[PDB]
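# sequence first, structure after; it's an experimental one.
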Amino acid sequence: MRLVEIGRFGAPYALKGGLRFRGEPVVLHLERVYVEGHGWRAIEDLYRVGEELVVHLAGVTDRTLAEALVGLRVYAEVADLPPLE
């Protein structure tokens with residue numbers, strides 16, 4: 001599985017259920033993500049807050065769920081990545 005580490009989950013965002021995802025800026029072109037440790041997840045809403053990034057995985061709508069996915073790293077699949085152009 002052609003996968004690569006673009007970012008990693010740092011700390012659990014506000015109760016909103018967000019997760020601080022620190023990865024390359026190329027993530028702004030991605031759609032889904034992979035939680036190295038549990039299972040694959042999807043992106044619903046993310047944005048670079050100041051000097052960091054907070055990605056909101058699908059389903060995670062509580063500090064509990066988020067915390068569970070805290071500390072693990074995120075992987076990407078070129079399959080989605082853009083072409084040479």
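It's in. Numbers count the residues shown, from 1 in each chain.
# use CA for all of it now, contacts and neighbours both
Noted.
# A helix includes residue 67, no?
Yes. Counting by DSSP: H, G, I helix; E, B strand; the rest coil, one finds residue 67 located in a helix.
# so how many other residues sit close to it?
Residues near residue 67, counting by other CA atoms under 10 Å, number 18.
# and what of the one 3 residues further on?
Using other CA under 10 Å, residue 70 has 19 neighbouring residues.
# got the phi/psi numbers for it?
phi -100, psi 140 (degrees, to the nearest 10).
# give me the element the closest residue to it other than its chain neighbours is part of.
In this structure, residue 70 finds its nearest non-sequential neighbour in residue 9, 5.5 Å apart by CA to CA, 6 or more residues apart in numbering. Secondary structure from DSSP states H and E places residue 9 in strand 3-12.
# give the partner strands of the following helix or strand past that strand in its sheet and their orientations.
Per DSSP H and E, the first helix or strand lying C-terminal to strand 3-12 is strand 19-23. Take DSSP bridges as the rule and strand 19-23 pairs in its sheet with strand 3-12 (antiparallel), strand 52-57 (antiparallel).
# count of neighbours near residue 19?
With other CA under 10 Å as criterion, residue 19 counts 27.
# that one and residue 7 touch, don't they?
No. Between residue 19 and residue 7 there is no contact, the gap being 11.7 Å when judged by CA atoms under 8 Å.
# can you redo the strands paired with strand 19-23 as TSV with mean neighbour count?
Shown next, in TSV, are the strands paired with strand 19-23 (neighbours: other CA atoms under 10 Å):
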stretch	mean neighbour count
strand 3-12	18
strand 52-57	21
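# so which of those comes closest to residue 83?
Closest of the strands paired with strand 19-23 to residue 83 is strand 3-12, at 16.1 Å (criterion: CA to CA).
# run through who's touching the closest one.
18-24, 27, 63, 66-67, 69-78 (CA atoms under 8 Å, 6 or more residues apart in numbering).
# hmm, which of those are the buried ones?
For the contacts of strand 3-12, a burial check counting by 16 or more other CA atoms under 10 Å picks out 18-23, 27, 63, 66-67, 69-77.
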